[PDB]
Amino acid sequence: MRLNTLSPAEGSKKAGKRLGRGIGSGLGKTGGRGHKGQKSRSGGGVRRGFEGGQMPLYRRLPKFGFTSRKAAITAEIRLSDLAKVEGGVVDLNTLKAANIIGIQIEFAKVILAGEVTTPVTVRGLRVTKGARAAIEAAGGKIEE
Amino acid sequence: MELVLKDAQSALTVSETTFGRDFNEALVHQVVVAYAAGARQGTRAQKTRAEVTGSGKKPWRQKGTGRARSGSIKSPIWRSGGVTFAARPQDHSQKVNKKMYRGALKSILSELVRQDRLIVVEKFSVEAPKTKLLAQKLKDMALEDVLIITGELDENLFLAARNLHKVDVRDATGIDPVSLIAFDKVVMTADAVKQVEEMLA
Amino acid sequence: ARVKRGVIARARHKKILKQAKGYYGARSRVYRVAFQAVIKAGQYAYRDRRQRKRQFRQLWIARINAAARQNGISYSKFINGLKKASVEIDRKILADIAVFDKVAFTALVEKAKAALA
Amino acid sequence: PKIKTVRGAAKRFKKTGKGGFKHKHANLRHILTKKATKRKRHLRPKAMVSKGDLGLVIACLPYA
RNA sequence: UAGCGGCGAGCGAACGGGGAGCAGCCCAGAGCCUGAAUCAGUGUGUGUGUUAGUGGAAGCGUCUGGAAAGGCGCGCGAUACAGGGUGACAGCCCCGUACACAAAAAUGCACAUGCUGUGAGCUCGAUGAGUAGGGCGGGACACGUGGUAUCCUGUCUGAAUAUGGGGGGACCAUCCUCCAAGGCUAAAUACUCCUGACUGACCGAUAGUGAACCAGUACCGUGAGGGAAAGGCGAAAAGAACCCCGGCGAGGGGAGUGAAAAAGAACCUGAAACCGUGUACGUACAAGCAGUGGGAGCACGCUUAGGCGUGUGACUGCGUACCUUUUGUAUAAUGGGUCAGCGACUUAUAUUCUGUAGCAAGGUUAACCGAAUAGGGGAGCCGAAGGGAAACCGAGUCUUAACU
Ligand SMILES: [Mg+2]
Ligand SMILES: [Mg+2]
Ligand SMILES: [Mg+2]
Ligand SMILES: [Mg+2]
Ligand SMILES: [Mg+2]
Ligand SMILES: [Mg+2]
Ligand SMILES: [Mg+2]
Ligand SMILES: [Mg+2]
Ligand SMILES: [Mg+2]
Ligand SMILES: [Mg+2]
Ligand SMILES: [Mg+2]
Ligand SMILES: [Mg+2]
Ligand SMILES: [Mg+2]
Ligand SMILES: [Mg+2]
Ligand SMILES: [Mg+2]
Ligand SMILES: [Mg+2]
Ligand SMILES: [Mg+2]
């Protein structure tokens, strides 16, 4: 029943309305309710361009040096997230889709992270005190 | 579930439209908007050039004559050139994730509930090149110029659909958020491509 | 994209520009009035209005004085009598009665005069 | 584009699990020290929830 | 980031990875066979672009209006409703748009080829010296002489010659890899004087090109060079016969036109500053940021009083504009003759917080591809593990002989 009173009242796109508050900050300028200088109006930060009594000396003070390690990254095996995800072809080598190491590395480790399953026989070097036992519900192997 | 009392063929189907869901605008807003300015590989806008016929430097000396510290025929403050800021072409164009685009889209069965969730067949007696009476089959909803569109996972010949902002074809993996909730009548019935997910037709 | 700020132009200015109690010159001719004339009034009216309730206050109580001190005894002793008198005591502006209905007032003077311990 | 004063970190640089940089001490060590053993006793870096301000001008990724 | 750096500004690689992309060849010579794939010029032909073109759909009555393109009512066309036009806003009037057709001639480029060049392909060859290193001085690599590899050479010298020789970052050995001192090479790639076709949350005559205008003009400088203002009658000129004042002028009044001349050519709208003519109140004993609070009276419209609206404002309480800058301003400190119009916290990349939104021990993609905002693509980035400088250990771990 359409009303011949000159109108409808349906539904479409008239808005999504929202996303984020504070969507504006006197920005674009500040020409407004007053004598807004800007530069917050001292006199020595005009075009900002200033960061002095600089952020170096007397606080960036003396040194304790550092060789900046060689051994690539060799990220720790992964958060003990083996099996049902390392391919399943247990051990571990790289192209993995729920805990991978990135092929450019070399060595591995394991660490004592979260859970396992039981089927997972890891040679592929290195066990942590715990992961040795954590993966006691499995076959610790290790070729190194 | 079902798909509401029907005209033309049989009735409807029990599929899933990824649930059918509710609506959270936060999405549609950020999503449809993200879309405006999307055909934007760049775009014009140079009305700028703080550097105009900027030919030569300083007019009056610094000191003398009074009339204040004069310098540069191009001066923003002056009269012919120099637009203080302004800009270049520039992208504008946003970037929506996937989880969001693919995010909670259609709801036409939910809010434009009584307005659309129809499903029959693609219109085949539709003879190759002609619209002289596409008003024929447009009594197959009798739901008129009513913005309306379609999809049949098959670019065919359908394209005799030209009319200012009347009806459209838009088919292939080319749904379109805007053009969805930009019409009110959008029976899809691309038949099979109405797959729970890949209903991109 | 554009602005042609020239439309909010006089729309912003006529706005106040319409302040022509004469004023005088550009004080209602140009924008010397800017605010420097209307923003003026626009404050004068604040206080020099707010001021009136003490400008009509002192007023009454000059008349009020002249009255009772014209019957004997003045606005000082007067009010004293009046105040010492609970339900029996009202207060100026109407203690202007002494100008439209004397005897009324002149009677109040009595009641005040007598209350006097 | 953002260059992060490579010397800023080329000396005293790291982010403990909390975030707080373990700065470092020095003063005498290796410059000229002779006197005062215990004084020398140096220790091992700390911060200044007062300077960590600037001491943060750098940062970027989990490096070493 | 690893490095370089008065280790200070700031300078920043590569290995490796995802992709766009893809191709290799001749000479340093004899003999053979003999014009052979090989490019390149030239004539030719098709392909296909470019340079002229062709045809191309459907409407009327009726209302106001100067004019219909719109209003009401009925009717057609529709790969055409993209846009331009016409007396106001038109799928139907007028050029178009889809759509389909094309070129005696010329050339773009591709292919096929005639001509001339060139040489293919197997046999025994043959592997680029004033050259590689080097002392000296610079210069090139992110790399500042540094423990400095490596690339150039001014200069001074100067080797092996392939069971020899260069590189693997000082250097030696080892193994790995590669042949310099001779040349050729499509593509992805950089570009806008122009040409064509399409586009704009890009302007609208202080905007935009310096220039919508006969603009790099007029103009100023000996020059080099520099550098403007200046769009609009109307729908059609229908551009105003004729008459009157006047000086055979300006200019103007009638008259004509015309929807309108309040449209008259200095022409659309016609604001402001600024200057006149009309009328009403105020004003010739009166002190100052000139307004405020009173408030009479007059001029005016008012209420079958009820003390009203309006311009006015005698007289009387206060009472030294703003801005900016400063301990501080009537300030005898700046800044403003007055209006009109331009006239300044943007933009990009990158980080870090907040709100918010979407997935979650996960979140996300880049270049690119694309039935171009989709999907495709996880190179990679961030978080779930911290500690020691680092080897390395790991919910630990440093520090120390140490177990505190
Ligand atoms: Mg100001
Ligand atoms: Mg200032
Ligand atoms: Mg990866
Ligand atoms: Mg110069
Ligand atoms: Mg300009
Ligand atoms: Mg995607
Ligand atoms: Mg009081
Ligand atoms: Mg340099
Ligand atoms: Mg034609
Ligand atoms: Mg090998
Ligand atoms: Mg101009
Ligand atoms: Mg104009
Ligand atoms: Mg006019
Ligand atoms: Mg007088
Ligand atoms: Mg008054
Ligand atoms: Mg101050
Ligand atoms: Mg002054």
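Cut-offs applied
- Residues numbered from 1 in each chain as written, not as in the entry; some residues may be left out.
- Chains lettered and ligands numbered in written order.
- Part of a larger assembly, values for the part shown.
- Heavy atoms only, no water.
- Core = buried A, V, L, I, M, F, W, Y, C linked by side-chain atoms within 4.5 Å.
- Buried < 20%, exposed > 50% of the residue type's maximum accessible area, 1.4 Å probe, protein only.
- Helix = DSSP H or I, 4+ residues; strand = E, 2+ residues; numbered from the N terminus.
- Contact = heavy atoms within 4.5 Å.
- Buried area = accessible area lost by both parts, 1.4 Å probe.
- Salt bridge = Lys/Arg side-chain N within 4 Å of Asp/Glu carboxyl O.
- Nonpolar A, V, L, I, M, F, W, Y, C, P; charged D, E, K, R; others polar.
- Near = heavy atom within 4 Å.
- Polar contact = N/O pair within 3.5 Å; in protein donor to acceptor, adjacent residues only side chain to side chain.
- Patch = residues over 30% accessible without salt bridge, like charges linked within 9 Å, V, L, I, M, F, W, Y side chains within 5 Å.
- Areas by Shrake-Rupley, 256 points an atom, 1.4 Å probe, with all protein chains shown as cover.
- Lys, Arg positive; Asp, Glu negative; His and termini not counted.
- Charge placed at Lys NZ, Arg CZ, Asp CG, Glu CD.
- Expected span 1.5 Å × (residues − 1).
- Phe/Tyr/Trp six-rings, centres within 6.5 Å; stacked < 30°, edge-to-face > 60°.
- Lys NZ or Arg CZ within 6 Å of the ring centre and 35° of its normal.

- For this entry, the PDB record names X-ray crystallography as the structure determination method and reports a resolution of 3.74 Å.

**A few points about the nonpolar core**
Residues and elements named next belong to chain C.
Thinking step 1. Core analysis: the largest hydrophobic core is formed by 13 residues, its most contacted members being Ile64, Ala68, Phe78, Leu82 and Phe105.
Thinking step 2. Elements with a contribution of two residues or more to this core: α4 (57-68), α5 (75-83) and α6 (102-115).
Thinking step 3. Among the elements that take part in this core, α4 stands out by supplying five residues, more than any other.
Thinking step 4. In this structure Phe105 touches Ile64, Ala67, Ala68, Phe78, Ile97 and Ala98, once residues within four positions along its chain are discounted.

**Here's the deal with the interface of chain A and chain B**
Thinking step 1. In this assembly, nine residues from chain A lie in contact with 10 residues from chain B.
Thinking step 2. Of the roughly 790 Å² buried where chain A meets chain B, counting both sides, 56% is carbon and sulfur surface.
Thinking step 3. In this assembly, chain A and chain B are joined by zero salt bridges.
Thinking step 4. Classifying every residue of the side of chain A that touches chain B gives two nonpolar, three polar and four charged.

**Overview of the protein's contact with RNA strand E**
Thinking step 1. Around RNA strand E, the surrounding shell holds 113 residues, and the nearest of these are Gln38 and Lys109 of chain A, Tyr23 and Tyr44 of chain C together with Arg7 of chain D.
Thinking step 2. When the atoms of RNA strand E within 4 Å of the protein are grouped by moiety, sugar and phosphate amount to 74% of the total.
Thinking step 3. Residue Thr67 of chain A places a main-chain N or O atom 3.4 Å away from a sugar or linking oxygen belonging to RNA strand E.
Thinking step 4. In this structure, a base nitrogen belonging to RNA strand E sits 3.2 Å away from a main-chain N or O atom of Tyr35 of chain B.
Thinking step 5. For the surface near RNA strand E, the secondary structure elements donating two or more residues are α1 (129-134) of chain A, α1 (25-35) of chain B, α1 (9-17), α2 (38-50) and α3 (52-55) of chain C together with α1 (6-9) of chain D.
Thinking step 6. At six residues, the largest contribution of residues to the surface near RNA strand E is made by α2 of chain C.
Thinking step 7. Of the residues assigned to the surface near RNA strand E, the class counts are 43 nonpolar, 31 polar and 39 charged.

**Regarding the arrangement of the chains**
Thinking step 1. For this structure, the chain pair with the highest number of contacts among two pairs of chains in contact is chains A and D.
Thinking step 2. Of all C-alpha pairs spanning chain A and chain C, none lies closer than 14 Å, and the two are not in contact.

**Some details on a negative patch on the surface**
Thinking step 1. Together, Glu122, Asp154, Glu155 and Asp191 of chain B make up a negatively charged patch on the protein surface.
Thinking step 2. Take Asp191 of chain B: it is sitting in the segment after α2 (177-182).

**Examining the environment of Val96 of chain B**
Thinking step 1. Mapping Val96 of chain B onto the fold places it in the loop between α1 and α2.
Thinking step 2. A C-alpha to C-alpha distance of 22 Å links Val96 of chain B and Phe19 of chain B, two positions 77 residues apart in sequence.

**So, α6 of chain C**
Thinking step 1. Here α6 of chain C spans 20 Å end to end across 14 residues, near enough to the 20 Å set by a 1.5 Å rise per residue.
Thinking step 2. Close packing links the buried residues of α6 of chain C with α4 and α5 of chain C.

**Some thoughts on the interface of chain D and chain A**
Thinking step 1. Each partner contributes to the interface: chain D provides 17 residues, whereas chain A provides 10 residues.
Thinking step 2. Summed over both sides, the interface between chain D and chain A buries roughly 1,300 Å², with carbon and sulfur atoms accounting for 65% of that surface.
Thinking step 3. On the chain D side of the contact with chain A, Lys11, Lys24 and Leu54 of chain D bury the most area, a combined 33% of that side's loss.
Thinking step 4. On the surface where chain D and chain A come into contact, there are zero salt bridges.
Thinking step 5. Taken together, the connections running from chain D to chain A amount to three residue pairs in polar contact.
Thinking step 6. Here the residues of the side of chain D that touches chain A sort into eight nonpolar, three polar and six charged.

**Looking at the environment of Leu180 of chain B**
All names here are of chain B.
Thinking step 1. Relative to the assigned elements, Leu180 resides in helix α2.
Thinking step 2. Considered as a pair, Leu180 and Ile108 are 72 residues apart in the sequence and their alpha carbons are 8.7 Å apart.
Thinking step 3. Excluding residues within four positions of it along the chain, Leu180 makes contact with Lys106, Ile149, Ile175 and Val186.

**Observations concerning the pattern of salt bridges**
Thinking step 1. The tally for this structure, following the rule as stated, stands at one salt bridge over all chains.
Thinking step 2. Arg132 of chain A is paired through a salt bridge with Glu136 of chain A; the nearest N and O atoms lie 3.7 Å apart.

**A short note on the packing of aromatic side chains**
Thinking step 1. A complete count under the given rule lists three aromatic pairs over all chains for this structure.
Thinking step 2. With a centroid separation of 5.0 Å and an interplanar angle of 85 degrees, the aromatic rings of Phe66 of chain A and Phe13 of chain D are classed as edge-to-face. Placement of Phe66 of chain A in the segment before α1 and of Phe13 of chain D in the loop between α1 and α2 (37-40) is noted, with the two residues assigned to different chains.
Thinking step 3. The interplanar angle of 50 degrees and the centroid separation of 5.9 Å between the aromatic rings of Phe78 of chain C and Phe105 of chain C together place this pair among those described as tilted. Placement of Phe78 of chain C in helix α5 and of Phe105 of chain C in helix α6 is noted, with a sequence separation of 27 residues between them.
Thinking step 4. The class of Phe78 of chain C is buried, set by a relative accessible area of 7%.
Thinking step 5. On the basis of relative accessibility, which here comes to 4%, the residue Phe105 of chain C falls in the buried class.
Thinking step 6. The aromatic ring of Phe56 of chain C is capped on one face by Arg52 of chain C, whose charged end is 5.8 Å from the ring centroid.

**Points about unusual backbone geometry**
Thinking step 1. Positive phi, close to 45 degrees, is recorded for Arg21 of chain B, a residue that is not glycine.
Thinking step 2. Structurally, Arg21 of chain B is set in the segment before α1.
Thinking step 3. Its relative accessible area of 55% is what places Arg21 of chain B among the exposed residues.
Thinking step 4. Phi angles above zero are rare outside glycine, and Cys60 of chain D is one such case at about 35 degrees.
Thinking step 5. Residue placement: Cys60 of chain D occurs in the segment after α2.

**Overview of a nonpolar patch on the surface**
Thinking step 1. Taken together, the side chains of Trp60, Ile73, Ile77 and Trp78 of chain B make up a nonpolar region of the molecular surface, amounting to roughly 440 Å² of accessible area.
Thinking step 2. Within the secondary structure, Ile73 of chain B is located in the loop between α1 and α2.

**Quick word on the side chain of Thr189 of chain B**
All names here are of chain B.
Thinking step 1. Turning to its location among the elements, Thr189 is positioned in the segment after α2.
Thinking step 2. At 3.1 Å, the side chain of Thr189 and the backbone nitrogen of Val120 are in polar contact.
Thinking step 3. Residues contacting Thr189, with those up to four places away along its chain left out, are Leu118, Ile119, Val120, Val121, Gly151 and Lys194.

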